[PDB]
$ cat coords.pdb   # PDB, C-alpha atoms (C1' of nucleotides)
ATOM      1  CA  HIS A 521      56.035 -86.992 -30.110
ATOM      2  CA  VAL A 522      53.329 -85.487 -32.300
ATOM      3  CA  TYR A 523      54.743 -85.122 -35.804
ATOM      4  CA  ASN A 524      53.311 -83.052 -38.613
ATOM      5  CA  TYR A 525      52.098 -85.222 -41.459
ATOM      6  CA  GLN A 526      54.518 -85.771 -44.310
ATOM      7  CA  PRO A 527      53.589 -87.429 -47.609
ATOM      8  CA  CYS A 528      55.530 -90.686 -47.660
ATOM      9  CA  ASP A 529      56.703 -91.813 -51.095
ATOM     10  CA  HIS A 530      56.958 -95.491 -52.068
ATOM     11  CA  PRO A 531      57.343 -95.629 -55.870
ATOM     12  CA  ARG A 532      58.354 -99.298 -55.712
ATOM     13  CA  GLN A 533      58.879 -99.914 -51.999
ATOM     14  CA  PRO A 534      55.997-101.326 -49.956
ATOM     15  CA  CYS A 535      54.595 -99.417 -47.001
ATOM     16  CA  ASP A 536      57.304-101.005 -44.862
ATOM     17  CA  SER A 537      58.761 -99.937 -41.526
ATOM     18  CA  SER A 538      60.897 -97.505 -43.541
ATOM     19  CA  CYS A 539      57.734 -95.580 -44.444
ATOM     20  CA  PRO A 540      58.122 -91.942 -43.340
ATOM     21  CA  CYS A 541      54.556 -92.017 -42.038
ATOM     22  CA  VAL A 542      55.333 -95.268 -40.228
ATOM     23  CA  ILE A 543      58.465 -93.851 -38.613
ATOM     24  CA  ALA A 544      56.461 -90.696 -37.878
ATOM     25  CA  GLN A 545      54.011 -92.816 -35.842
ATOM     26  CA  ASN A 546      51.190 -91.572 -38.060
ATOM     27  CA  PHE A 547      48.817 -92.815 -40.727
ATOM     28  CA  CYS A 548      49.570 -92.499 -44.419
ATOM     29  CA  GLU A 549      47.280 -89.889 -45.941
ATOM     30  CA  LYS A 550      45.664 -90.222 -49.353
ATOM     31  CA  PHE A 551      48.285 -87.700 -50.490
ATOM     32  CA  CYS A 552      50.966 -90.305 -49.764
ATOM     33  CA  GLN A 553      52.407 -92.426 -52.546
ATOM     34  CA  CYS A 554      51.488 -95.516 -50.544
ATOM     35  CA  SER A 555      49.036 -97.237 -52.843
ATOM     36  CA  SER A 556      45.291 -97.746 -52.452
ATOM     37  CA  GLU A 557      46.283-100.919 -50.603
ATOM     38  CA  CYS A 558      48.501 -99.321 -47.947
ATOM     39  CA  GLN A 559      47.574-100.575 -44.499
ATOM     40  CA  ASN A 560      48.652 -97.335 -42.800
ATOM     41  CA  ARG A 561      45.893 -95.299 -44.465
ATOM     42  CA  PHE A 562      42.671 -94.456 -42.667
ATOM     43  CA  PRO A 563      39.863 -96.955 -43.358
ATOM     44  CA  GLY A 564      36.852 -94.681 -43.694
ATOM     45  CA  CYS A 565      34.698 -93.187 -41.014
ATOM     46  CA  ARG A 566      31.313 -94.838 -41.222
ATOM     47  CA  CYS A 567      29.623 -93.647 -38.027
ATOM     48  CA  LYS A 568      25.954 -93.757 -38.962
ATOM     49  CA  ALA A 569      24.256 -91.218 -36.699
ATOM     50  CA  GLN A 570      26.957 -88.543 -36.491
ATOM     51  CA  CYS A 571      30.709 -88.988 -36.726
ATOM     52  CA  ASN A 572      30.783 -87.135 -33.420
ATOM     53  CA  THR A 573      30.940 -89.323 -30.301
ATOM     54  CA  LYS A 574      33.020 -91.794 -28.325
ATOM     55  CA  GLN A 575      31.874 -94.633 -30.570
ATOM     56  CA  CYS A 576      33.096 -92.597 -33.538
ATOM     57  CA  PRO A 577      36.672 -93.843 -34.024
ATOM     58  CA  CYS A 578      37.360 -90.616 -35.871
TER      59      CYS A 578
ATOM     60  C1'  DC B   1      40.510 -72.954  52.860
ATOM     61  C1'  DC B   2      39.237 -76.693  51.460
ATOM     62  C1'  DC B   3      35.878 -79.974  51.729
ATOM     63  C1'  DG B   4      31.209 -81.150  50.912
ATOM     64  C1'  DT B   5      27.015 -80.735  48.162
ATOM     65  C1'  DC B   6      25.115 -79.329  44.484
ATOM     66  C1'  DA B   7      25.794 -76.912  40.314
ATOM     67  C1'  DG B   8      27.804 -75.558  36.376
ATOM     68  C1'  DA B   9      31.356 -75.906  32.868
ATOM     69  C1'  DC B  10      34.879 -78.909  30.606
ATOM     70  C1'  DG B  11      36.615 -83.034  28.466
ATOM     71  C1'  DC B  12      35.703 -87.077  26.822
ATOM     72  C1'  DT B  13      32.939 -90.124  24.722
ATOM     73  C1'  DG B  14      29.293 -91.472  21.215
ATOM     74  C1'  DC B  15      26.515 -89.899  17.361
ATOM     75  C1'  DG B  16      24.869 -88.086  13.707
ATOM     76  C1'  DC B  17      25.758 -85.187  10.148
ATOM     77  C1'  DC B  18      28.339 -83.939   6.533
ATOM     78  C1'  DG B  19      30.903 -84.224   2.507
ATOM     79  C1'  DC B  20      33.405 -87.482  -0.425
ATOM     80  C1'  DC B  21      34.096 -91.578  -2.715
ATOM     81  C1'  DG B  22      33.263 -95.431  -4.218
ATOM     82  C1'  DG B  23      30.826 -99.003  -6.022
ATOM     83  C1'  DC B  24      27.010-100.430  -7.828
ATOM     84  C1'  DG B  25      23.221-100.670 -10.640
ATOM     85  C1'  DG B  26      20.652 -99.289 -14.216
ATOM     86  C1'  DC B  27      19.677 -97.515 -18.754
ATOM     87  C1'  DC B  28      20.792 -96.211 -23.022
ATOM     88  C1'  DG B  29      23.219 -95.009 -27.994
ATOM     89  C1'  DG B  30      24.871 -96.567 -31.327
ATOM     90  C1'  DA B  31      28.421 -98.739 -33.585
ATOM     91  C1'  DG B  32      28.779-103.060 -36.374
ATOM     92  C1'  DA B  33      28.186-107.745 -37.647
ATOM     93  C1'  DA B  34      26.195-110.680 -38.358
ATOM     94  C1'  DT B  35      21.520-112.238 -40.353
ATOM     95  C1'  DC B  36      17.702-111.190 -43.632
ATOM     96  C1'  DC B  37      15.453-110.166 -47.272
ATOM     97  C1'  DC B  38      15.022-108.599 -52.166
ATOM     98  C1'  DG B  39      15.738-108.565 -56.849
ATOM     99  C1'  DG B  40      18.314-110.456 -61.194
ATOM    100  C1'  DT B  41      19.854-114.449 -63.581
ATOM    101  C1'  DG B  42      19.622-119.680 -65.592
ATOM    102  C1'  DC B  43      19.187-123.835 -65.531
ATOM    103  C1'  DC B  44      17.946-129.054 -65.231
ATOM    104  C1'  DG B  45      14.613-131.850 -63.993
ATOM    105  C1'  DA B  46      10.456-132.163 -62.748
ATOM    106  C1'  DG B  47       6.722-133.038 -65.278
ATOM    107  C1'  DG B  48       4.990-134.187 -68.950
ATOM    108  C1'  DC B  49       4.175-137.148 -72.841
ATOM    109  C1'  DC B  50       4.229-141.442 -75.691
ATOM    110  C1'  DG B  51       4.782-146.968 -76.633
ATOM    111  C1'  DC B  52       3.869-150.818 -74.942
ATOM    112  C1'  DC B  53       3.237-154.919 -72.466
ATOM    113  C1'  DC B  54       2.227-158.261 -68.030
ATOM    114  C1'  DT B  55      -0.570-158.190 -64.851
ATOM    115  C1'  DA B  56      -5.225-157.154 -63.158
ATOM    116  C1'  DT B  57      -9.626-158.386 -64.003
ATOM    117  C1'  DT B  58     -13.319-162.048 -65.559
ATOM    118  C1'  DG B  59     -15.676-166.780 -65.638
ATOM    119  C1'  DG B  60     -15.835-171.038 -63.801
ATOM    120  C1'  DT B  61     -15.181-174.698 -59.888
ATOM    121  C1'  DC B  62     -14.798-177.513 -56.160
ATOM    122  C1'  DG B  63     -13.632-178.900 -52.078
ATOM    123  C1'  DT B  64     -12.736-177.594 -47.620
ATOM    124  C1'  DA B  65     -11.890-174.181 -43.835
ATOM    125  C1'  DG B  66     -15.006-172.678 -40.832
ATOM    126  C1'  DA B  67     -19.188-171.684 -39.085
ATOM    127  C1'  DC B  68     -22.562-173.417 -35.995
ATOM    128  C1'  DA B  69     -25.105-176.315 -33.226
ATOM    129  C1'  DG B  70     -24.698-178.816 -29.492
ATOM    130  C1'  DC B  71     -22.677-180.361 -25.520
ATOM    131  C1'  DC B  72     -20.012-181.648 -20.861
ATOM    132  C1'  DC B  73     -17.773-179.987 -16.956
ATOM    133  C1'  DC B  74     -13.901-177.865 -14.845
ATOM    134  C1'  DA B  75     -12.674-174.229 -12.268
ATOM    135  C1'  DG B  76     -13.319-169.489 -11.584
ATOM    136  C1'  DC B  77     -15.982-166.992  -8.500
ATOM    137  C1'  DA B  78     -18.838-166.328  -3.901
ATOM    138  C1'  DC B  79     -18.645-166.410   0.581
ATOM    139  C1'  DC B  80     -17.556-167.609   5.247
ATOM    140  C1'  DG B  81     -14.960-168.011   9.447
ATOM    141  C1'  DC B  82     -10.426-167.639  12.095
ATOM    142  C1'  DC B  83      -5.974-166.345  12.294
ATOM    143  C1'  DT B  84      -1.815-162.790  12.487
ATOM    144  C1'  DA B  85       1.456-160.966  10.393
ATOM    145  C1'  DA B  86       1.496-157.137   8.449
ATOM    146  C1'  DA B  87       0.379-152.605   8.161
ATOM    147  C1'  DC B  88       0.118-148.211  10.281
ATOM    148  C1'  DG B  89       1.106-144.126  13.138
ATOM    149  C1'  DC B  90       4.493-141.507  15.578
ATOM    150  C1'  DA B  91       8.848-140.311  17.590
ATOM    151  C1'  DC B  92      13.391-139.003  17.093
ATOM    152  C1'  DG B  93      17.465-137.065  15.064
ATOM    153  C1'  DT B  94      20.963-136.990  12.432
ATOM    154  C1'  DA B  95      22.386-137.179   7.956
ATOM    155  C1'  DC B  96      22.000-135.994   2.813
ATOM    156  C1'  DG B  97      20.521-132.275   0.802
ATOM    157  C1'  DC B  98      21.023-128.010  -0.973
ATOM    158  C1'  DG B  99      23.071-123.368  -1.103
TER     159       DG B  99
END
$ encode --input "coords.pdb" --output "structure tokens"
Amino acid sequence: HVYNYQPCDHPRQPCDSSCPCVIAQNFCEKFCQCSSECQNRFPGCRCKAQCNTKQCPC
DNA sequence: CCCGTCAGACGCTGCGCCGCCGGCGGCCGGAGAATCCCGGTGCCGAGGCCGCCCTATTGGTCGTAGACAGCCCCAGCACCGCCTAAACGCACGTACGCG
């Protein structure tokens, strides 16, 4: 069930299980209204050599 | 004709080859998670300094440990012979041990 990303909006709600990204089984993008503390956002892709291999989580 | 002997082909048996698969082993890349420095910052406490006095040093003594000078004599050391128990060598083997 691959779902197209949708910007979840949480003006006062937390990034709860009601989060559209959460229910969509997908990470919250930086375009989402989930704050800079949302735990569903991607962490940052710090693969030193090249972000290109099996060790690269990305 | 079929049997009999030998011969030749078949079937069966045993083998290796062959391809596949697996497992293994090795080696490595590189994330990443700590540790490791490296530099900036600020104390507080060495360390440093001063006042002072109580103890360390000085002079004298005197009397006694202790040297030392001498000495006797035990007993530690040699050694000597005869003895045998005690030591030694080996002979198994099974049982602790080590994996």
$ resolve_selection --input "coords.pdb" --expression "the PyMOL selection byres ((chain B) within 10 of (chain A))" --output "list in words"
residues 29, 30, 31 and 32 of chain B
$ atom_distance --input "coords.pdb" --atom1 "atom CA of residue 578 of chain A" --atom2 "atom CA of residue 528 of chain A"
21.7 Å
$ resolve_selection --input "coords.pdb" --expression "the PyMOL selection byres ((chain A and resi 543) around 12)" --output "JSON, numbers by chain"
{"A": [521, 522, 523, 524, 525, 526, 528, 535, 536, 537, 538, 539, 540, 541, 542, 544, 545, 546, 547, 548, 560]}
